[PDB]
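*Asks:*
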Amino acid sequence: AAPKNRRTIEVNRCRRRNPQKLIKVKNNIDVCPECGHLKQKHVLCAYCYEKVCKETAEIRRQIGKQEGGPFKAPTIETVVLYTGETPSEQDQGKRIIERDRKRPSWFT
Amino acid sequence: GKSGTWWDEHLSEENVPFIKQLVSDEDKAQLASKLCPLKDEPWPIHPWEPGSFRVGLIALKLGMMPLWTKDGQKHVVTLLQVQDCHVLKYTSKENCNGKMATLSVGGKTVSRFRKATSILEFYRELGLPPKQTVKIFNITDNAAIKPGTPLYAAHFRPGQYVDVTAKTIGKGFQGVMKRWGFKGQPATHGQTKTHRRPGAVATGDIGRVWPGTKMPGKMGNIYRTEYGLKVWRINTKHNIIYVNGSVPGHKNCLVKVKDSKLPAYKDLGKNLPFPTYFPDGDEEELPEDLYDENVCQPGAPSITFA
Amino acid sequence: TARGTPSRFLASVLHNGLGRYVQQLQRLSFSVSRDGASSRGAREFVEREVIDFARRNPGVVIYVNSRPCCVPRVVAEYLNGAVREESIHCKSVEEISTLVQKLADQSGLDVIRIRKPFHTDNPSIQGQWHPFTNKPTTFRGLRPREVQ
Amino acid sequence: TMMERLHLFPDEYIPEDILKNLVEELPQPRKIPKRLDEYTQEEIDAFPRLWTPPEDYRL
Amino acid sequence: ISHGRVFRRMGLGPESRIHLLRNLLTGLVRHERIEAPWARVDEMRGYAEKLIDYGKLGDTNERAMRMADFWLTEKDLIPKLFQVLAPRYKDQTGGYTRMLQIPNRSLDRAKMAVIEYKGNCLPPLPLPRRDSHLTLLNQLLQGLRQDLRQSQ
RNA sequence: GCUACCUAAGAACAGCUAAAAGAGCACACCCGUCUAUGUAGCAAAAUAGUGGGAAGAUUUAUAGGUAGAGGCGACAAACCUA
RNA sequence: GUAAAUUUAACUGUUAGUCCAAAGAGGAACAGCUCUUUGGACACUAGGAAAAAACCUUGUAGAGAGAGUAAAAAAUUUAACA
RNA sequence: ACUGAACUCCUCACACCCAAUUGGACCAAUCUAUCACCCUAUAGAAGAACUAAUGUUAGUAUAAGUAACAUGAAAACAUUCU
RNA sequence: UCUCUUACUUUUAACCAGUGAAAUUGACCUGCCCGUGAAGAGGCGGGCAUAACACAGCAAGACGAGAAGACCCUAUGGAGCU
RNA sequence: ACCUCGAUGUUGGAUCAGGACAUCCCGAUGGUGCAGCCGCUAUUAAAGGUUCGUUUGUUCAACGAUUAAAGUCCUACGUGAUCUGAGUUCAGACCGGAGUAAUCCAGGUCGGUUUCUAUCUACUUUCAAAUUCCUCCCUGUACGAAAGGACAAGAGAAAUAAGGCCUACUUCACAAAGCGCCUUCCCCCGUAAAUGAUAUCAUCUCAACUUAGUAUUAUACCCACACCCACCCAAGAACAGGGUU
Ligand SMILES: [Mg+2]
Ligand SMILES: [Mg+2]
Ligand SMILES: [Mg+2]
Ligand SMILES: [Mg+2]
Ligand SMILES: [Mg+2]
Ligand SMILES: [Mg+2]
Ligand SMILES: [Mg+2]
Ligand SMILES: [Mg+2]
Ligand SMILES: [Mg+2]
Ligand SMILES: [Mg+2]
Ligand SMILES: [Mg+2]
Ligand SMILES: [Mg+2]
Ligand SMILES: [Mg+2]
Ligand SMILES: [Mg+2]
Ligand SMILES: [Mg+2]
Ligand SMILES: [Mg+2]
Ligand SMILES: [Mg+2]
Ligand SMILES: [Mg+2]
Ligand SMILES: [Mg+2]
Ligand SMILES: [Mg+2]
Ligand SMILES: [Mg+2]
Ligand SMILES: [Mg+2]
Ligand SMILES: [Mg+2]
Ligand SMILES: [Mg+2]
Ligand SMILES: [Mg+2]
Ligand SMILES: [Mg+2]
Ligand SMILES: [Mg+2]
Ligand SMILES: [Mg+2]
Ligand SMILES: [Mg+2]
Ligand SMILES: [Mg+2]
Ligand SMILES: [Mg+2]
Ligand SMILES: [Mg+2]
Ligand SMILES: [Mg+2]
Ligand SMILES: [Mg+2]
Ligand SMILES: [Mg+2]
Ligand SMILES: [Zn+2]
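These protein sequence lines are chains E, U, X, A and P, in that order.
In short: position in the first sequence from 1, add 8, done, that's my numbering.
In short: position in the second sequence from 1, add 126, done, that's my numbering.
In short: position in the third sequence from 1, add 182, done, that's my numbering.
In short: position in the fourth sequence from 1, add 10, done, that's my numbering.
In short: position in the fifth sequence from 1, add 221, done, that's my numbering.
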């Protein structure tokens, strides 16, 4: 199948500029209650998720440092501790991962 | 500008079960308030004339079930359950078409938090929780019923014929073989990429294709009306109707059921309760199950021929 | 073509014929080349006829610039402010005299489509037509099918 | 648009607004040929009797 | 026509779908928090809950041992499953595998999400908090609740 | 340097039945009977399935020779750089 | 009545044509069929028969918001009997 | 009785509506000789004029943001898994 | 294979992100019926229909596209063969 | 030989059919060399239907078993940008024949590439008001001389076509389907007859009029303007739609 005549610019502008093809304005965007970095509703804020993913990567780095090589996977629960912060009397049998930092004021 | 919002966006954690409990007790009390229509202020009840039309109901397709008759054959019944049925508004004869008056009827109950503003104002002036569907029943004016009265499944009696209507099961954009029942081309005798095509669609002279041509396209989400279904059995406790045969639409949809329009069943309506069956003014409780005289009951002597 | 060009209505500039008529041309700017075969007709015109034309109608001002130019021109500015410039490159004396006489005659309105060539300003005298002309009245203004 | 400007009605009844807008009821083209019961008997006396039937005829 | 058809088709067949969910579930049991596309984490949450149920069934049961031997492909996570996760969830029945969306992947712009087992000694996710009780609408509804309870 | 033919000196052909065999089934390999995909394709002739030969008139690497009024040809007027 | 005809010097171009009325020939006293003769039209403008080459009116060129004309619209309705 | 043309009249001016072919009057760009000096004149000359040859070259359109094209999963980005 | 097809998986396909062709194209503000016409009309006559714009299918039409028909004829155009 | 050789793809066949009636049947009427059943012919009527196989490539054609019927024709001898190439239109070869030969045959045979990603028009649920056969009673009656054998009325069963459904059966299983289940409602006009004139009888009336005679001025689906991030769905390509108490 072939074109029989060349489409004009009027037909083309009537096609590629109608409200079915235009980018729709969205209004789900508000500010995050902490740090104000323009989150979306129903979606975790990218800045705070970047914070907790960086700290999770650091904790997993120290965990991989404690577990030698592969296939260890300890049979007891874990807790992490920052500078100071002595092991409490419930955290006896749990494995201790201490990096070196202050405990940040959102991880309780 | 204005963002979108819903009912539980800005509530706290403590207020949501209180709000749910409050509105649930509120509309349950509203549904229990209209339980006695004959002692409120009922519209005048008229006797049955030979040329009249009564209102129908709105039921819910539960499922299907077998049912045997006294002569041994098997019939299949569809369980229609009337959950919460209420007449909504009465439009007089001169305001719709000048021919026949109408009655509005509402279906099963839904949430107030998901309806429009004008619908919520309408039901707030009426005094009922909102309904899922609203259908229109053409009646003559000697059978006008007060809006806000309840409708029950004993509106029909065992031995009658009803017409049921719903949205059928949608099958999407279906090809021409499953839609219009065409035959395709043969499978393996040399055919090249033509196993399910429609083939020719028009002749060679006309240079176009006619408007009524059957082609691919969406199929199955459209109202169809099933006519002349016998009603075998009435269950009064759970408000279940037992029509005969199949009913269009998937289970747990909503159907619109009224007495038949077929000319063979023209004036059989004299022995049916005509404004509507009323649970108050009967002065006698109906049994839990009403049967036709030909359907074999559950507790039965297990028929032996002779 | 008329659809591809602008248009005006027929009108006088400042109601000439009612009171006194005035010559609608102000200036005539002649640029004649000293040497040059392109302006020989304008040369002979400036020699013999422009003085008699200037004495013919004293309302117009005539300038002869006598400038070295390859194409001699005559610039005519009218009373209402329009400017019409036409060329006298390689023309005779008679054609130049006819051109400047035709410039002196016309008024400064634009030479475009004239669009209904009459300009009555009180077109009606006995009273312009309205649909109740030639329609008789009836007793007490009763419409058809009226009761009182 | 010209057909939208036209208002037709099946019987003598016209709505109140369209009766309020009316001017100049137009004459009719045809003459309504005036059946015999309405002939205002002096006119029947004016038109002459053209023929004498025989007295012994039964019709 | 897919009326009532659960289990979206993921891989290059059924077997590759179950192998993909097996690898995602093994990563979840090992790392306790996982980021992966949205349909995959939906299926993997649906499987992980009943995996925790089979872990709750007990260690000596051979059927739970066979299911844990199939679903964990590193063979060290089976003592973890029977001695860490299932004793941790001894009180709860099914409230775990908390799943939240994270905005978009950078390359192909796919809808990503994050699931995690509860407990989870990792730092917490920035969970979406319900609006506070001290705001205007909540205080008006608190007044209404107190007034109606006093009226009752 | 593809292809038709020839020359010099080389290389390859698992396993079973081996009747002795230009023997049989069947690998590697050579060829392309039928079907389906593809037709601006992976490909200016392919892919997948199904096929014939596969110890001999077999296949193939290297170098050389036969050239257009011709070369070559188990004659297809087949091939001689799409 | 008119103003054109003959000759002289110099060349190109047309020379594969259609329809209509009439006299014909072939064919079926068929064809928008073939071939001559006489005339007209087209391959030049405009108006008309519905759009239409060949049917009718009309030719020598423009502006006009004047006028008089040419050709120019299809009419028909019917079976008694001594 | 009327409507109804480029036919005719009316005011003005009048060379200004045919294929192939023929005759005649002008004319842009360029160079040269002589003039001219905000782009012109008189003569000679010619690679002297493009809405069209499936014309050549170069740019950009339509088809069209269409056909088609990719990266196995987790993660400490050490490793592990299918 | 069929009477008589159905369900499932993958590729394909639809939506989001990136890169991003080709044949074709006089201009198109691109409807239907009847009639007409170089004899088969979207562009003509008479009627009918008619707010605008995408997205996904179908192939009845555009005497649709790629090959200056390979069937037939002509050329005082070629060539093979006897 | 009037468009078409800077290409209108050719016969049948598969799917889809539209239309005309000069009607095969189902409907209704006249005549009959119509005693009944079958028949023949004429008028009206196109809403509906018009089978499965063998051989030859066949459209044609011959035969077997059925059915109320296996209708004629047109639609570019309908439809190849939907499909096949069975012969029919090349390059190989064989047989019979013509020709010294190269070559050929409106003679036969074996084999022989079917390319396109839809630009424009038109179209993509018109929501619904079905048809026919068969069985029983009548009846073994009407009818002959006997064979044979009816209409009309009533009752029951199916098949086709359309619209839907999953409770039993089956492919299969939190679904989709048939091999399964349920429903399907009004006519159609050619004539057969009263009274009665032109023409004091008679006469059905392109005389005024009266009956069969008109189904319909037919009823059921669908008809609430804006809460919309997000989730689910028996809803769905995207969009849109239903629920979130
Ligand atoms: Mg099939
Ligand atoms: Mg193919
Ligand atoms: Mg196939
Ligand atoms: Mg995939
Ligand atoms: Mg061998
Ligand atoms: Mg073969
Ligand atoms: Mg072998
Ligand atoms: Mg040979
Ligand atoms: Mg001829
Ligand atoms: Mg003249
Ligand atoms: Mg040139
Ligand atoms: Mg150019
Ligand atoms: Mg081309
Ligand atoms: Mg060109
Ligand atoms: Mg894209
Ligand atoms: Mg496209
Ligand atoms: Mg694609
Ligand atoms: Mg036509
Ligand atoms: Mg065209
Ligand atoms: Mg073509
Ligand atoms: Mg040619
Ligand atoms: Mg010759
Ligand atoms: Mg020659
Ligand atoms: Mg020669
Ligand atoms: Mg030679
Ligand atoms: Mg041709
Ligand atoms: Mg062409
Ligand atoms: Mg007939
Ligand atoms: Mg067959
Ligand atoms: Mg054909
Ligand atoms: Mg076609
Ligand atoms: Mg094809
Ligand atoms: Mg041959
Ligand atoms: Mg489209
Ligand atoms: Mg078009
Ligand atoms: Zn934040």
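Yeah, the Cβ is synthetic: ideal placement off N, Cα and C, and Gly gets one too.
(1) If we cut at 8 Å on Cβ distances, does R366/P have a partner in chain U?
(2) Determine which residues share a DSSP beta bridge with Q360/P and list them.
(3) Applying the 10 Å Cβ sphere with the 16-neighbour rule, what's the burial state of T291/U?
(4) Can you list, in chain order, the residues of its chain whose CB lies under 6 Å from that of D153/U, leaving out five sequence neighbours each side?
(5) Tell me, please, whether the segment 390-398 of chain U touches the segment 194-208 of chain U by the rule of three or more beta-carbon pairs shorter than 8 Å.
(6) Please list, in chain order, the chain U residues whose beta carbon lies closer than 8 Å to that of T294/P.
(7) For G315/P, which of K271/P, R226/P, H354/P, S223/P has the nearest alpha-carbon?
(8) On a Cα-Cα basis, can you pick out the residue from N13/E, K49/E, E93/E, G101/E that is closest to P112/E?
(9) Would you list, in sequence order, the uninterrupted beta strand (DSSP E) runs of no fewer than 3 residues that lie entirely inside the segment 259-324 of chain P?
(10) Against chain P, with Cβ distances strictly below 8 Å, would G298/U count as a contact?
(11) If you compare alpha carbons, which of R237/X, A286/X, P254/X, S274/X is closest to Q208/X?
(12) Flag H45/E as yes when its Cβ comes closer than 7 Å to any non-hydrogen atom of ligand 36, and as no otherwise.
(13) Assuming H212/U is part of the alpha helix (DSSP H), what are its boundary residues?
(14) List the residues that DSSP assigns as beta-bridge partners of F144/U.
(15) Out of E264/P, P258/P, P308/P, state which residue places its alpha-carbon closest to the alpha-carbon of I273/P.
(16) Relative to chain U, which residues along the segment 332-363 of chain P have a C-beta separation below 8 Å, given in chain order?
(17) Going along chain P, which residues have a C-beta under 9 Å from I67/E?
(18) Does the beta carbon of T318/U fall short of 7 Å from some heavy atom of ligand 2?
(19) Whole angstroms are fine: how far does the CA of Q51/A sit from the CA of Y67/A?
(20) How about the segment 290-307 of chain U and the segment 401-410 of chain U: do they share at least three Cβ pairs that are nearer than 8 Å?
(21) Determine whether the Cβ of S138/U lies closer than 8 Å to any Cβ atom of chain E.
(22) Among residues of its own chain, excluding the 5 on either side of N264/U, which ones have a beta-carbon nearer than 7 Å to its beta-carbon?
(23) Any Cβ of chain P within less than 8 Å of the Cβ of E63/E?
(24) Please list the partners that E26/A has in chain X, where partner means a Cβ-to-Cβ separation under 9 Å.
(25) Can the beta-carbon of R103/E be found closer than 8 Å to that of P82/E?
(26) Could you give the distance in angstroms between the alpha-carbon of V142/U and the alpha-carbon of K160/U?
(27) Is it true that the CB of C43/E sits closer than 8 Å to the CB of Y57/E?
(28) Shorter than 7 Å, the distance from the beta carbon of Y55/E to the closest heavy atom of ligand 36, or not?
(29) Measuring only between beta-carbons, confirm whether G333/U sits less than 8 Å from chain E.
(30) May I ask which residues mark the beginning and end of the beta strand (DSSP E) holding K200/U?
(31) Secondary structure at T228/U, three-state DSSP: helix, strand or coil?
(32) Please return the same chain residues whose Cβ sits closer than 7 Å to the Cβ of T217/U, not counting the five positions on each side in sequence.
(33) For the pair the segment 248-262 of chain P and the segment 329-337 of chain P, tell me if three or more CB-CB distances fall below 8 Å.
(34) Over what stretch of residues does the alpha helix (DSSP H) that includes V282/X continue unbroken?
(35) Is it true that the CB of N361/U sits closer than 8 Å to the CB of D415/U?
(36) How close, in whole Å, do the beta carbons of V250/P and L298/P come, if the pair is a contact with beta carbons under 8 Å?
*Replies:* Concretely, from the data shown:
(1) As a working note, residue 366/P is residue 145 in the fifth sequence. By this cut-off, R366/P is an interface position.
(2) As a first step, residue 360/P is located in the fifth sequence; it is residue number 139 there, counting from the start. Paired residue(s): none; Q360/P is not in a bridge.
(3) Reading the second sequence from its first residue, position 165 is the one you call residue 291/U. Here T291/U is buried: its Cβ has 16 or more other Cβ atoms, across all protein chains shown, within 10 Å.
(4) Position 27 of the second sequence, counted from the start, is the residue given in the question as residue 153/U. Cβ contact annotation for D153/U (same chain, cutoff 6 Å, sequence separation greater than five): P255, in chain order.
(5) Taking a contact to require three or more Cβ pairs closer than 8 Å, the segment 390-398 of chain U and the segment 194-208 of chain U do not qualify as touching.
(6) Position 73 of the fifth sequence holds residue 294/P. Simply none; closest approach about 39 Å.
(7) The residue given as residue 315/P occupies position 94 in the fifth sequence. Ranking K271/P, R226/P, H354/P, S223/P by Cα distance to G315/P puts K271/P first.
(8) Taking the first sequence and counting its residues from 1, the one referred to as residue 112/E is at position 104. Comparing Cα-Cα distances from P112/E to each of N13/E, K49/E, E93/E, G101/E, the minimum goes to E93/E.
(9) You should have 319-323.
(10) The residue labelled residue 298/U in the question sits at position 172 within the second sequence. At least one C-beta of chain P is nearer than 8 Å to the C-beta of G298/U.
(11) In the third sequence, residue 208/X corresponds to position 26, counting from 1. The residue from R237/X, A286/X, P254/X, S274/X with its alpha-carbon nearest to that of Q208/X is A286/X.
(12) Numbered from 1 along the first sequence, position 37 holds the residue referred to as residue 45/E. The answer is yes for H45/E.
(13) Sequence index remark: in the second sequence, residue 212/U carries index 86 (1-based). Counting along the chain, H212/U falls outside any alpha helix (DSSP H), though it belongs to the beta strand (DSSP E) covering 211-217.
(14) Mapped onto the second sequence, residue 144/U falls at position 18. Partner(s): none; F144/U has no beta bridge.
(15) Numbered from 1 along the fifth sequence, position 52 holds the residue referred to as residue 273/P. Comparing Cα positions, the closest option is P308/P.
(16) Within the segment 332-363 of chain P, the residues whose Cβ lies closer than 8 Å to some Cβ of chain U are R351, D352, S353, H354, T356, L358, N359, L362, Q363, listed in chain order.
(17) Numbered from 1 along the first sequence, position 59 holds the residue referred to as residue 67/E. Chain P residues near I67/E: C342, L343, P344.
(18) Counted from its first residue, the second sequence places residue 318/U at position 192. Yes; taking the cut-off as 7 Å, the Cβ of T318/U has a heavy atom of ligand 2 nearer than that.
(19) As a working note, residue 67/A is residue 57 in the fourth sequence. As a working note, residue 51/A is residue 41 in the fourth sequence. Distance between the alpha carbons of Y67/A and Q51/A: 26 Å.
(20) In short, these stretches do not touch, since the Cβ pair count stays below three.
(21) Within the second sequence, numbered from 1, the residue matching residue 138/U stands at position 12. Output row for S138/U: interface = no.
(22) In the second sequence, the residue the question calls residue 264/U occupies position 138. Answer for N264/U: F179, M226, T228, listed in chain order.
(23) By 1-based counting over the first sequence, the position of residue 63/E is 55. Yes, contact with chain P.
(24) Sequence index remark: in the fourth sequence, residue 26/A carries index 16 (1-based). Contact of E26/A with chain X by beta-carbon distance below 9 Å is absent, the smallest such distance being about 12 Å.
(25) In the first sequence, the residue the question calls residue 103/E occupies position 95. In the first sequence, the residue the question calls residue 82/E occupies position 74. At a Cβ-Cβ threshold of 8 Å, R103/E and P82/E count as neighbours.
(26) On the second sequence, residue 142/U is found 16 positions in, with the first residue counted as 1. On the second sequence, residue 160/U is found 34 positions in, with the first residue counted as 1. Spanning the two alpha carbons is a distance of roughly 28 Å.
(27) The residue given as residue 57/E occupies position 49 in the first sequence. The residue given as residue 43/E occupies position 35 in the first sequence. Judged by their CB atoms, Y57/E and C43/E are not nearer to each other than the 8 Å cut-off.
(28) The residue labelled residue 55/E in the question sits at position 47 within the first sequence. Proximity of the beta carbon of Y55/E to ligand 36 is indicated: a heavy atom of the ligand is located closer than 7 Å.
(29) Your numbering for residue 333/U matches position 207 in the second sequence. Output row for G333/U: interface = no.
(30) Position 74 of the second sequence holds residue 200/U. Looking at the DSSP string, the run of the beta strand (DSSP E) that includes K200/U is 200-207.
(31) If you number the second sequence from 1, residue 228/U lands on position 102. Three-state result, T228/U: strand.
(32) Walking along the second sequence from the start, residue 217/U turns up at place 91. Around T217/U, the same chain offers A227, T228 as residues with beta carbons nearer than 7 Å, after the five sequence neighbours per side are excluded.
(33) Enough Cβ pairs lie closer than 8 Å, so yes.
(34) Numbered from 1 along the third sequence, position 100 holds the residue referred to as residue 282/X. Run containing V282/X: 275-287, per the alpha helix (DSSP H) assignment.
(35) Residue numbering aside, residue 415/U sits at position 289 when the second sequence is read from its first letter. Residue numbering aside, residue 361/U sits at position 235 when the second sequence is read from its first letter. Yes; because the gap between Cβ atoms is below 8 Å, this pair is in contact.
(36) Looking up residue 250/P in the fifth sequence gives position 29. Looking up residue 298/P in the fifth sequence gives position 77. Contact holds; Cβ gap of about 5 Å.
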